[PDB]
Number of protein chains: 2
Amino acid sequence: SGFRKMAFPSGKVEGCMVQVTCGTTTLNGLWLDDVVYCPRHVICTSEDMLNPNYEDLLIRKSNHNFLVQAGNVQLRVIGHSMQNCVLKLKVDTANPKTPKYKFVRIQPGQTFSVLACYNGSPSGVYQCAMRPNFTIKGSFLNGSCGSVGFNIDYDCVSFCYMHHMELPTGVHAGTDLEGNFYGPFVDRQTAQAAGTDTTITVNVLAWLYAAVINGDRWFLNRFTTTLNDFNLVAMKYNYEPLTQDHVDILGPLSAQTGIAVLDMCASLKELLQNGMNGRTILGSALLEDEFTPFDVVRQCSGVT
Amino acid sequence: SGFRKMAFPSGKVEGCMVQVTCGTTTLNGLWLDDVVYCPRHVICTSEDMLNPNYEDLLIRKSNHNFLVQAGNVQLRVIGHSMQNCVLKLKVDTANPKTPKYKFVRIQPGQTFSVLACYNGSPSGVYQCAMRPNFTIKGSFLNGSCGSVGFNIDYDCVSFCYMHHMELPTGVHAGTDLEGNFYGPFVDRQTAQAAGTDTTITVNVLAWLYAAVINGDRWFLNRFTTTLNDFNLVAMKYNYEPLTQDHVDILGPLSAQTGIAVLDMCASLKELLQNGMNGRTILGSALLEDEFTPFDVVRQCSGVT
Ligand SMILES: *CC(=O)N1CCN(c2ccccc2[N+](=O)[O-])CC1
Ligand SMILES: *CC(=O)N1CCN(c2ccccc2[N+](=O)[O-])CC1
């Protein structure tokens, strides 16, 4: 029993983290096979960062200007290319610690683990969600760029995120491992505002199911509702609209607990309209939205 | 910027986790050098767990009855001894993945990472605190026993916790790596109630300093207080008394922020007396007590 914000074990990713230096800029790269992936802004002076022409900046750079260090051993760079907002550094050695991996571009509301890194060294691991506005609420200082977000399926690491930016409002923006930003963000030091950060409704409901399973039940009520009625309440409180897809995904949690998705929605509706009245749920005073239904099943069943 | 409940990278510990089977009981062991450490209740039938005589049960067990599996390779057990509530299984092979390590018995209020494991396989990592009542608020299912709590200092893993029990109230009890329980708990399926779970006052204050650093400042007030005045409020709200030791430890956070410890105490006092009025602090609706001052410095400076 008990329910915790849980990150994947970080070992398989720790073995991929390297340091990339170009001129005087240092940040993190990801070494998979004979390719090191890093944010392309590794080529920028912070002057460059106001309005960088990456194509023009990168003409000035050769293979030998990319200093790649894995632990205390230097990697020989034999090629470099720009793919969207990342550089791919071809090195002469395949990472012997390359796990099975995929690159996946996640949907908003999906959760992943971040291994926060500085000079290609891990400092810590935490669990995140891709917010509906395609920001993540991270913990990142200068040098953290190139830290990666991931999921693990038994032995296969699915990389979904590379860290690039902090927005002036202290939330985080970044790319898939093809170098495409989540959201409308660019790798430029410019006015970039986040949209409305909506609550991930299906995740809150999964979390309410997690609570019931763990004995926290005070918020179960006598009521039910409809998808249309619930969605009017959701709109008013900046919750994502709930779909029959969301209902379907919550099915096994519904089946395990014997509480109908729409009953649980009616519990959520009352919590939204009445607040928690100073009570807590799984030791939280607000409604948690960074567990997926998959996350709740996994933690509540003990998948390794 | 941003502030997250962050676990140590788990790689160095993942490489130590094994499966221990005795008769039909399976749980996790920790393989360091040529010794596998596991909970001694690995020798129990769940019948045994009502009132086990471990000395008497262990007479019935030989080296070959302890099945130790690391990945899919079996370890040869050449010796077994009971130290307090753990077994030490001497194997014929030193773990090649043994990191630098110590065994440390932590104080209540100190934080550590747990690598939750099942059949010697990692499922996830989260950050915990040793509560003042020597419980931890974990996430553990059947098979999770032998999962370990740790801190990492650059390259040295300090093991502080091995998982043994869930109390009837769904909190967790366990031992240092010498097999001594934290708190008054025994490895027996009996009436065991936790004492008063008090809030770790110095950790809340460290967390308030973390908030200020990250721009969350609304709770800073015009007031100050004294250690004696603050402690009267702390007593009333089941907060640990604050000592000059606690003040000293908060010094660098005080020095970095320019907010006197006793001013911050006066902010905490008002939060205790008035509550949060529906506001949040670092995205929490309650006062977080599972970051140490060391945790706040580390995350806010980017120590690897
Ligand atoms: C996020 C991170 O670690 N990061 C981005 C900012 N950065 C940088 C970019 C261009 C020029 C200089 C610098 N810098 O100040 O180091 C460092 C890496
Ligand atoms: C915590 C854990 O994984 N654990 C403790 C309970 N347990 C056990 C002990 C004695 C006899 C049987 C069993 N069992 O049901 O497996 C399993 C291991």
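Here is how names work: the chains are called A, B, and so on, in the same order as the sequence lines, proteins then strands, and each is numbered from 1. Quick note: numbers below take in every heavy atom, side chains included, and nothing from hydrogens, waters or symmetry partners. For ligands, and for the atoms within them, numbers begin at 1 and follow the listed sequence.
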Carboxylate-amine/guanidinium proximity below 4.0 Å for B:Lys12 and B:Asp155: no
Region of B:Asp48 engaging ligand 2 - heavy atom pairs below 4.0 Å: neither
Cation-pi check, A:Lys5 onto B:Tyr126 ring (under 6.0 Å, within 45° of axis): no
Best match, A:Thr25, A:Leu27, A:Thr26, A:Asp187: closest heavy atom to atom 8 (C) of ligand 1: A:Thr25
Distance from atom 3 (O) of ligand 1 to nearest protein heavy atom, with residue and atom: A:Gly143 N, 2.5 Å
Nitrogen or oxygen of A:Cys145 less than 3.5 angstrom from that of ligand 1: yes
Atom 16 (O) of ligand 1: any protein heavy atom closer than 4.0 Å: no
Atom indices of ligand 2 within 4.0 angstrom of B:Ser46 heavy atoms, with elements: 11 (C), 12 (C)
A:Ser10 (side chain) donor-acceptor with B:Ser10 (main chain) under 3.5 angstrom: yes
Residue from B:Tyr101, B:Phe103, B:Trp31 passing ring pair (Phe, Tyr, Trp, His ring centres under 6.0 Å) with B:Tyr37: B:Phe103
Within-cut-off N or O pair, B:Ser144 and ligand 2, under 3.5 Å: yes
Parallel, tilted or perpendicular: ring planes of B:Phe3 versus B:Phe291, cut at 30 and 60 degrees: tilted
Identity and distance of the protein heavy atom lying nearest atom 10 (C) of ligand 1: A:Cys44 O, 3.4 Å
Closest heavy-atom pair and its distance - B:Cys38, B:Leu27: CB-CD1, 4.3 Å
B:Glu290/A:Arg4 ion pair, N-O < 4.0 Å: yes
Ligand 2 atoms in contact with B:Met49 (distance to a heavy atom under 4.0 Å): 10 (C)
